[PDB]
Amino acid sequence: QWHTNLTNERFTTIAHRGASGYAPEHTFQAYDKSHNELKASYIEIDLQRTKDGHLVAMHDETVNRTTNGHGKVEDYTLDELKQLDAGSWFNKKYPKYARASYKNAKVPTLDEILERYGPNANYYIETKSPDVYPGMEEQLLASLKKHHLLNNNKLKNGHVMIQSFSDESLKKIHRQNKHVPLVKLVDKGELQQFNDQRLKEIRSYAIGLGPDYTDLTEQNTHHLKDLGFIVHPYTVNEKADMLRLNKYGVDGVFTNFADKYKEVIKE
């Protein structure tokens, strides 16, 4: 009597920032790997916006960590951002997975991503506060619609899952389009902090809940599942934990190693 992934999968494999563990996060390389090669359930995307308003995939608000550049993403125009090298940094940090082709990987725009993997892929997109990038939500939905991902059919098959730590952002989207599946990202330790009334309300606009995996235990997991939630704890890269969590009853996980999780599911 619980809820199961809209993709109709008992266990969904969310490729955290793409094939994050083997390729430079948020790059065609990383996405190609997790989607084509490892064949993971979702292409997980983190949104940031350029100076001239282009939604692009990048985890931090600054290009420092993942490029040969410095500054806030919004200080760069899409054109300038495209000059950056979004791959080299990966070779240097993870020599054991390094690859010559990773050099000069580019930062992708949300449009390019949807464009590239088409309307049959499944996307897990994250938004920031309605104050940090005003208009982000309206833009995301417009982009999704452009790429035919807002069709009700696609929506109830799990082709789209919008996630965020900002209740404000999710609520804004829910008002604008009640049909887009929403996932509330819970912070580390924050899961405990909120009671049933809280969960009850979160559940009024979000079908899913994505807590830090370390805050999960078989009991709360069951409880959440009971409250009608779909649970996708985040960034589980250890087979051991993958197995444990699956036993608790989760519906999938965010991971930088799609294959490890898919194998744990196979067994």
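Heads up: residue numbers just count along the shown sequence, starting at 1.
Asker: What stretch has the higher average Cα B-factor here, 46-54 or 235-243?
Answerer: Taking the mean B-factor of the alpha carbons in each, 235-243 is higher.
Asker: If you average the CA temperature factors over each stretch, which comes out higher, 216-224 or 202-210?
Answerer: It is 216-224.
Asker: Checking the record values for 153, 164, 91, 122, which has the greatest CA B factor?
Answerer: The listed residue with the largest C-alpha B-factor is 153.
Asker: Highest Cα temperature factor in the entry, among the options 188, 106, 116, 147: which one is it?
Answerer: Answer for 188, 106, 116, 147: 188, with the highest C-alpha B-factor.
Asker: Could you place residue 176 in the lowest, middle or highest third of its chain by Cα temperature factor, using the values in the record?
Answerer: Middle third of the chain for residue 176's C-alpha B-factor.
Asker: What third of the chain does residue 196 rank in for C-alpha temperature factor, lowest, middle or highest?
Answerer: Highest third.
Asker: Comparing against every modelled residue in the chain, figure out the third that the C-alpha B-factor of residue 126 lands in (lowest, middle or highest).
Answerer: Lowest third.
Asker: Can you work out whether the C-alpha temperature factor of residue 30 puts it in the lowest, middle or highest third of the chain?
Answerer: As the PDB entry reports it, the C-alpha B-factor of residue 30 lands in the lowest third of its chain.
Asker: Sorting the chain's CA B-factors, does residue 249 end up in the lowest, middle or highest third?
Answerer: Highest third - that is where residue 249 ends up once the chain's C-alpha B-factors are sorted.
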